[PDB]
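K.L.:
Using only what follows, build the 3D model:
(2 chains)
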Amino acid sequence: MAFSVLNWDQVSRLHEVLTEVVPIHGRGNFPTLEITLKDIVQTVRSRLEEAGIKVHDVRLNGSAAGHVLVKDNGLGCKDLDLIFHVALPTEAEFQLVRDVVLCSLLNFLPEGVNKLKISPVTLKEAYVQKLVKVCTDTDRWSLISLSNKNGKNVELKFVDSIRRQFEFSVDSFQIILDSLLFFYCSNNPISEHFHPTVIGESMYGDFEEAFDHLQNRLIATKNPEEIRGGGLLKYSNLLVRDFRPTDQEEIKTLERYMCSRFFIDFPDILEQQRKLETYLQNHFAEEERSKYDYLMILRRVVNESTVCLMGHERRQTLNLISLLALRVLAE
Amino acid sequence: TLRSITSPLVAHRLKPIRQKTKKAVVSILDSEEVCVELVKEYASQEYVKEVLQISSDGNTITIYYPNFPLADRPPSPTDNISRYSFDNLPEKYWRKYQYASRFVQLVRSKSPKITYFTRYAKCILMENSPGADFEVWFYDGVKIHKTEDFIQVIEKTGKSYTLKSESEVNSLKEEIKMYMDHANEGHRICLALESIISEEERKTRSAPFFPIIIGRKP
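P.N.:
Residues are numbered from 1 along each chain as shown, chains lettered A, B, ... in the order given. The relevant structure is shown in the block below.
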């Protein structure tokens, strides 16, 4: 990795992301929360420090970093992922992290601020949509998701150690927010002649190379060894957004790995169907035109890069893709 | 430590099986992962409260809580999943994991690994390594079965009896001593074959080299 200094343009767009009012849907009778990234980050960090867990870093991940670094790129603003570099030794701390996050959820309400006795379970079953605890050999992190619909899904991830989330060059960006949370203690607002020094990172390689890949709409990866199943699906999303490989030679090999590794992780077609239907409903919730083009890109890739010996399973998945198209082809 | 009480299970090469019991469903799937379904009753129907998915090397344990009605296969996982590694599993899950361990362990002891045909008997080394069970099915009807502890014998008549230790081993009708001698020859052979074939597999990474049948009936 390497360090880069966010220019004024980037810091401004970051400020807009951090002050953008995001709506959170409330599963059940619970009202829609009108939260803000700055507010959640502050409250969570403050209460984590209060509970005795140091927060070394707070970063902004996802497509949001890329939208900050290059305005209105091709990747879509639906993702808002935060990372809190936090040590997690025992399960006690994992449970504390759940309690702290649910408590800081209670803090945003119009008149329900005084309703400070809603419990953490009704809040989980009303505001949390996805929960993921991981504490293995290398991987060690916790993930809480906020409602995903007409707005944007806010995902809070607490990383103790992580198997280096390498992906395509275009979404390997992290922005260290601490400098900007500190910058507001200023009595006046942020202006062009007066901004904080903010630092961006690339989780693998030269940061300027990834930035170039992001400006020129390039497809790139660096360690295929640690690629898992869903790489192919992400790759097809890049394709449906008019990104091209860095060199047409080596991508025929990458494709085979992604194809082969896909079958290794999803051999049963029912799991495939679930995986695909949920991918489509995640990345193309309302992009009706994008869905058919995506399914046909996938079909092209599967057809050209699936090895001959898996032709049987090949036809089954090509058929699944086709059937999904007929549905996206009626409504 | 959890590692101090049982070893992690190994489901490699084990045939799929769905075993229902009163308080649990354990299944060895086609993927060789091992699933344990916790079943609770609500009047007119039975549901599944949590699911314990165990990897094939049982090293990674995924546990999830969907809400589901009992079915022919385990419920599919949703988003709320927790993955632990063997050494970070909390005591609250140990008893169930040891349940799956005891199931897999028993299945292995009846799942043949090397079958070997001699001129007098069909030997069967099972998969519950190390010190795997060893059955000698003589053609004339006599049965022999060897475990790390006891040694069961059956006779053509159906006289059924068992043995402990070397107190009784030497003292027996010399007709019966012959069967155990031939069975220990077969056992040494099968263990040698297991060791050499495993090492060659270590070098040659590809399709499994077990199960393995050797010889034929006359």
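K.L.:
Identify each buried residue in the helix or strand where residue A:16 lies, please.
P.N.:
Using DSSP states H and E, residue A:16 falls within helix A:8-19. Buried positions in helix A:8-19, judged by neighbour count with 16 or more other Cβ atoms under 10 Å in any protein chain shown: A:10-15, A:17-18. (C-beta placed from N, C-alpha, C; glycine too.)
K.L.:
Tell me how far residue B:7 lies from chain A.
P.N.:
In this view, residue B:7 and chain A are 17 Å apart by Cβ to the nearest Cβ, to the nearest Å.
K.L.:
ok, now residue B:141?
P.N.:
As judged by Cβ to the nearest Cβ, residue B:141 and chain A stand 44 Å apart.
K.L.:
list the contacts for that residue?
P.N.:
For residue B:141, the contacting residues are B:155-156, by Cβ atoms under 8 Å, 6 or more residues apart in numbering or on different chains.
K.L.:
Can I take it that it is in a strand?
P.N.:
No - read with DSSP: H, G, I helix; E, B strand; the rest coil, residue B:141 is coil and lies in no strand.
K.L.:
ok, back up a step: contacting residues around the helix holding residue A:16?
P.N.:
Helix A:8-19 is contacted by residues A:6, A:36-38, A:41, A:60, A:64, A:67-69, A:71, A:80, A:175, A:177, A:180, A:190, A:192, A:195-196, A:198, A:200 when judged by Cβ under 8 Å, 6+ apart.
K.L.:
For chain B, what's the nearest residue on the stretch 201-331 of chain A?
P.N.:
Going by Cβ to the nearest Cβ, chain B is nearest to residue A:274 of the stretch 201-331 of chain A, at 6.3 Å.
K.L.:
where does chain B come near chain A, residue by residue?
P.N.:
Residues of chain B found near chain A (Cβ under 8 Å from any Cβ of the partner chain) are B:30-31, B:60, B:76, B:79-85, B:88, B:90.
K.L.:
re the thing from before, can you add distance to residue A:54 and give the buried residues of helix A:8-19 back as JSON lines?
P.N.:
Putting those into JSON lines (distance: Cβ to Cβ, whole Å) gives the following:
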{"residue": "A:10", "distance to residue A:54": "28"}
{"residue": "A:11", "distance to residue A:54": "26"}
{"residue": "A:12", "distance to residue A:54": "30"}
{"residue": "A:13", "distance to residue A:54": "30"}
{"residue": "A:14", "distance to residue A:54": "24"}
{"residue": "A:15", "distance to residue A:54": "26"}
{"residue": "A:17", "distance to residue A:54": "26"}
{"residue": "A:18", "distance to residue A:54": "22"}
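K.L.:
with the residues you listed in mind, which one is nearest to chain B?
P.N.:
residue A:17 (24.9 Å).
K.L.:
For stretch A:122-136, list every residue counted as buried.
P.N.:
Judged by neighbour count using 16+ other Cβ under 10 Å, the buried positions of stretch A:122-136 are A:123-124, A:126-136.
K.L.:
Just the CA coordinates for it, please, in PDB.
P.N.:
C-alpha atoms of stretch A:122-136 as PDB (Å, rounded to 0.1, in the frame of the first residue of the first chain):
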ATOM      1  CA  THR A 122     -36.500  -5.000  18.800                       C
ATOM      2  CA  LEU A 123     -34.000  -2.600  17.400                       C
ATOM      3  CA  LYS A 124     -32.100  -5.400  15.700                       C
ATOM      4  CA  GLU A 125     -35.400  -6.700  14.300                       C
ATOM      5  CA  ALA A 126     -36.400  -3.300  13.100                       C
ATOM      6  CA  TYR A 127     -33.300  -1.600  11.900                       C
ATOM      7  CA  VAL A 128     -30.600  -4.300  11.200                       C
ATOM      8  CA  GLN A 129     -30.900  -6.200   8.000                       C
ATOM      9  CA  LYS A 130     -27.600  -8.100   7.900                       C
ATOM     10  CA  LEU A 131     -25.400  -9.300  10.700                       C
ATOM     11  CA  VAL A 132     -22.000 -11.000  10.300                       C
ATOM     12  CA  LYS A 133     -19.600 -12.100  13.100                       C
ATOM     13  CA  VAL A 134     -16.300 -13.600  12.000                       C
ATOM     14  CA  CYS A 135     -13.500 -14.700  14.400                       C
ATOM     15  CA  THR A 136     -11.400 -17.300  12.800                       C
END
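K.L.:
now that stretch, how far from the chain's geometric center?
P.N.:
16 Å (Cα atoms, centre = their mean, to the nearest Å).
K.L.:
give me the element residue B:116 is part of.
P.N.:
strand B:112-117.
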